[PDB]
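Report on one structure; see the data block that follows.
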Amino acid sequence: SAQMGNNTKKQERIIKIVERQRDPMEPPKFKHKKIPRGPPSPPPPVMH
Amino acid sequence: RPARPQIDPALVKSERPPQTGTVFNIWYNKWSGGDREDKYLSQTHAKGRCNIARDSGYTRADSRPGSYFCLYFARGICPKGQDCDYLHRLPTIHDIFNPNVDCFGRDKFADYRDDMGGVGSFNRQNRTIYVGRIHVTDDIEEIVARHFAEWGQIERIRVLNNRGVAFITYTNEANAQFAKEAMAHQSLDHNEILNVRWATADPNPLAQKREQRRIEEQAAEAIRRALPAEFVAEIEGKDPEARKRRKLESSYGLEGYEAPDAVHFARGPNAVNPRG
Amino acid sequence: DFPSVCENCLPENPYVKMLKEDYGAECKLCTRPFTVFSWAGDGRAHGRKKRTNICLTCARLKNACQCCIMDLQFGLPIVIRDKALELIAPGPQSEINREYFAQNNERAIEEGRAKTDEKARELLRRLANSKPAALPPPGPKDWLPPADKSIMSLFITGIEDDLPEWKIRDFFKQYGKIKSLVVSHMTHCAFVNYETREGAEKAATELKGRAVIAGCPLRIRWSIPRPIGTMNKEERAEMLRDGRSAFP
Amino acid sequence: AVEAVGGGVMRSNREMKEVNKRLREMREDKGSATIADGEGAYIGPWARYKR
Amino acid sequence: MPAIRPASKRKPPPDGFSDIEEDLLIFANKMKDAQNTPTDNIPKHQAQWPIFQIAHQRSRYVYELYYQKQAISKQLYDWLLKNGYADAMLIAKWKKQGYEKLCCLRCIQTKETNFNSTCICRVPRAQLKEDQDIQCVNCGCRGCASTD
Amino acid sequence: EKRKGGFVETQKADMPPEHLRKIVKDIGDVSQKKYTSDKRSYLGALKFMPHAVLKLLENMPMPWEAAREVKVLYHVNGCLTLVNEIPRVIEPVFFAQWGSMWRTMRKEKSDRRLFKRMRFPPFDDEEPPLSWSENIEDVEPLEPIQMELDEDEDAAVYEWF
Amino acid sequence: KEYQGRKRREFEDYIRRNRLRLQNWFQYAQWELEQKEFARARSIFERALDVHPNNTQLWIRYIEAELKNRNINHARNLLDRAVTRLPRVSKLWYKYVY
Amino acid sequence: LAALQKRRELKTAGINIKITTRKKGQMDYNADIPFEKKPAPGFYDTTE
Ligand SMILES: [Zn+2]
Ligand SMILES: [Zn+2]
Ligand SMILES: [Zn+2]
Ligand SMILES: [Zn+2]
Ligand SMILES: [Zn+2]
């Protein structure tokens, strides 16, 4: 798409994406966290 | 000129902190089995300082486009000289950086440290450093003005004498970061350990007004770069010639139409307005 | 599965070599682990690779570039964009509030539930273009240099809040060589300590206690360098009227 | 094509060879690789480009 | 064997080893000094660079002593390659065409780079920026290409 | 044919033993602040330490060998050295070698006056570990246990036993 | 702010211990209304509605907090939401017509 | 009450400092609206 502030068109892009070689001896990077579960989906009308 | 070395690696060898504990913890690289009070009061003097005339020069970062300034050059403890990969220079006004990094390439954060020390935050565009632990004399304003004018370009120096604290507001955030890293633990005309942190938001409502006005000035500058100058004139409407162009172009023929702003300024290749 | 990175953060080469690492970093905004995309830059700078720093969820919720964390519509920092056009959105930054908010927005967006600011910046430019006994003039004793050559400091009178030291120092630097320049907007005062006595004398003879700096009239004379204390409100008021009455 | 310097450029293999020649005497002396120690010893690919 | 034998079990080296033993010991002591070098003032890959440099130099001494200026018998050359005075795989690459000056096998190992590339030190310096001083992370080579 | 994956492919080579030696000497005890970015992997390789113990102890030298060289697979941190070998033997030859050890050991135990058993543990608890380069690297090894074979009777295995 | 943080902490400690207690939710929201934190009281009422979606007493408390503090449009939005949620509860319909 | 008295005396006699009782493992309910649930938009405007 255009730019932040520029609306001039610019060149089409070919991206080469490779998965990174990670060190096999590494443990996982980040400590896990306790987050309260989020609110439910908006409750439906009570059809009594 | 080439970048000169500031000190020598014979005293930039890497070695432990002095022993303040029973046993050295090799994971955290810290002494253990000691106390907590020692750490709180211990804040030593800086081991060096840098000079624009004497030390600042050229390096492989002046060769390489789009690199960062040298933090150890800012601290005056860079023995690398011309072989450093980071710029040995004060930033100018044309040296801008993205919010995610600072002038030294260190990542900025969503928050502040609770003592307002460190790299800084991208959640506040802070250009104001807070210099405490100043020896209270009468020439303190002159000394602060001289040293921080040596360290960069200033929009506002506000030095309090009661607690000996200088709030310095540079006009470039990179200048503020360089000044904080170059003035932390250094000394003015007296031998003192300066506590140079990031200043908090000013509770003075004049300063609040001027900071907010600068926010809208920067944002409107971005808007006017984004929009064509003719949409700018038509929307601004400070002059009657662009005002009457606004009525005619919004009329599009019919009298008394006054086209919606969305239709009239909807930019695109072929939307409505020939200004697009 | 593809980053939202802007064209200035992307390399100049149209053919991009990216590395992708699942759970590569913490998001700077929500502190959750996200897939990092990183690319080697343009100039073989030492540094690192330029990488995505926030998650795609935070980039969509703040309309930001995922590397530079700047607004995708104008090129502003997100805080500046939302402060000036504040009617877009707030955001939470307390600890578990921010992970909770990000997890709820991401779950909502992914399971389906949940261009907008033209009016906002049109209004911003409308607002920003909505704009915001008599003391004697200086005399021959005021523009004549005193015989005391130890007095080096010039004294500037009547400083508005929006008068900055960089242009003040540039003006006095293209005149002479400055040792120091103290400006207090709180008391509308300034002291100038020059380096050359001859340069200070010739500059003050050029200006004669009168100076036009950026549309602000300033009265410059000679005075002993004095610490600017906590002056009276009447003192700074009369100081301001003296600066205004420098020009008749 | 984008990344190498001298993109495009009508330039033949012979003048490849002279460009490499001028660059190879801009580089310093590799050494002899039958003298183990002292002056004249082999440095090979670790030879500095003189600037 | 290249495992150390007692003394009575030790078999003598071939002929010419008395002639080249001084240069071989020069390389060996150079390698021990590289082991004893300090690492505080330099980075970590830079700490490993001199081993690769000296290994290249020792193998080049053996290689050009046999192939270019013929001064050792084939029996002695095979014995040196077997007993660890020279790197047979590096010498094999030096025999290959377009690899006559390779710094190290890790620099042509393409399975171990991010985009399956060789290192930048193998690129003819004619295609790089002027005053772009390359010193590769693997061995610190400033240019290996045979044209270079 | 040489670029059937986009690039020129080559076999993985062996490095110099001095490279691995320099890596372990530099990291030492992991005490200098330089090696934090290695600390997470080093400790992570603890998960794989049982393989290293098995590979080393199965490739241990036999009593008739003074020293043995083994191929090792090492991490570039200096965190994990894995003996990448299988101690493959010709079973008749291995039988004959250990039978000759049985006979040689019995002769030596009948002929020794006093057998001083070596101490366990061989080193002190607080004594720092020895160095290859400064304590073992070029040191002359003692004689291994070897039968005196016969130039005529044991002629068929004499050179290589 | 010190006192308000202390009270907010004790209120949310009781919500974590027993979220099923309407009085826990009710006293928290009434205290924020007394502090004139209408966004905070609204948020408490909505989290209470997440726990008790079909509770007539809770819907009435929220609607009445808006009406008492003269947020008529907020209150009419709540009244539409409530008679959508509970269309056979004649109390909510009677409150809306009244 | 005693700590409040001491803090008021310090604030009266000049020095202002942030006595922060914020523990390890506690949210800042003053800092932010916790688990904020905004009222659903309806057919009536509520901006005023
Ligand atoms: Zn995020
Ligand atoms: Zn970007
Ligand atoms: Zn190499
Ligand atoms: Zn290389
Ligand atoms: Zn190379």
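Quick note: numbers below take in every heavy atom, side chains included, and nothing from hydrogens, waters or symmetry partners. Within every chain, numbering begins at 1; the chains are lettered A, B, ... in the order of the sequence lines, protein sequences first and strands thereafter.
Using a 4.5 Å heavy-atom threshold, the side chains of B/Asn98 and C/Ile69 count as separate. Looking at heavy atoms from C-beta onward, E/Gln35 lies in side-chain contact with E/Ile51 at the 4.5 angstrom threshold. In this structure, D/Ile43 and D/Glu28 have side chains that are in contact, with non-hydrogen atoms separated by less than 4.5 Å. Counting only heavy atoms from C-beta outward, the side chains of B/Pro65 and C/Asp42 never approach each other to under 4.5 Å. By the 4.5 Å heavy-atom criterion applied to side chains, B/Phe104 and B/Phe73 are not counted as neighbours. Side-chain contact between D/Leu23 and D/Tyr49 is present, with at least one heavy-atom pair separated by less than 4.5 Å.
Checked for salt-bridge contact, B/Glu181 and B/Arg75 meet the test: a charged N lies under 4.0 Å from a carboxylate O. Remark: E/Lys30 engages D/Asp37 in a salt bridge, criterion side-chain N to carboxylate O under 4.0 Å.
With E/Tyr66 as the partner, the ring pair (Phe, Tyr, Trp, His ring centres under 6.0 Å) test is satisfied by one option alone out of E/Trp94, E/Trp79, E/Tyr77, E/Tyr61: E/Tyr77.
With rounding to the nearest 0.5 Å, the separation of CG in B/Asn172 from CZ in B/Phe97 is 8.5 Å. Put simply, CG on E/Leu105 and CG on E/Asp87 are 5.5 Å apart, with the number rounded to the nearest 0.5 Å. Remark: E/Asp133 CG to B/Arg64 CZ distance equals 8.0 Å, nearest 0.5 Å. Note: F/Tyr74 OH to F/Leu20 CG = 5.5 Å, rounded to the nearest 0.5 Å. Note that the CZ atom of D/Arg48 and the CD atom of E/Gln135 stand 7.5 Å from one another [nearest 0.5 Å].
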Quiz item: What's the verdict on salt bridge (charged side-chain N to carboxylate O under 4.0 Å, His left out) for E/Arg142 and E/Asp148, showing C-alpha distance, side-chain angles and the deciding distance?
Solution: CA-CA 10 Å; E/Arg142 312 186 166 260; E/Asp148 302 348; over 6 Å; no

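Side-chain contact, A/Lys10 with A/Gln3: a donor N or O sits under 3.5 Å from an acceptor N or O. Between E/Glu100 and E/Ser146, the side chains place a donor N or O and an acceptor N or O closer than 3.5 Å (distance only, hydrogens not considered).
Heavy atoms of other residues, nucleotides or ligands lying less than 6.0 angstrom from NZ of F/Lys12 number 12 at most. Applying the 6.0 Å contact sphere to NZ of E/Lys69 captures no more than 12 heavy atoms from other residues, nucleotides or ligands.
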